[PDB]
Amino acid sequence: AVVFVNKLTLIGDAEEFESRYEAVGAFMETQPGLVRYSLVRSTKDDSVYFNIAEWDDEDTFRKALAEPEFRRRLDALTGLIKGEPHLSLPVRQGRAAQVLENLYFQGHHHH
């Protein structure tokens, strides 16, 4: 898996930016290789967002990025945000299933 992380700086209207991002996320949802994505907004500095997307691999991320209609919805955000994008590799991970498993094992093993 690869994890796309874009640190966004809001330079326009927050509500307009977020509604337009909706169409980007909608499109990503049936792009091959997309696992999940989240747009999150900092509570410390509300001009700071992060676009975070997990992809099966680098090749599927590459092929999705090139799709004209995806790029059209992405381009509709230019002028509302500036981006500092990072295609990134997982280095250490606490998977949800494993976090849950360690909890219920400690509680139900009765060591």
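Each residue number is its position in the shown sequence, starting from 1.
The entry lists a Cα temperature factor for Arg36 that places it in the lowest third of the chain's modelled residues. Looking at the C-alpha B-factors along this chain, the one for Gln98 belongs to the middle third. When the CA B factors of the chain's modelled residues are split into thirds, the value for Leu65 lands in the highest one. When the modelled residues of the chain are ordered by C-alpha B-factor, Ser42 sits in the lowest third. The deposited CA B-factor of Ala14 belongs to the highest third of values across its chain.
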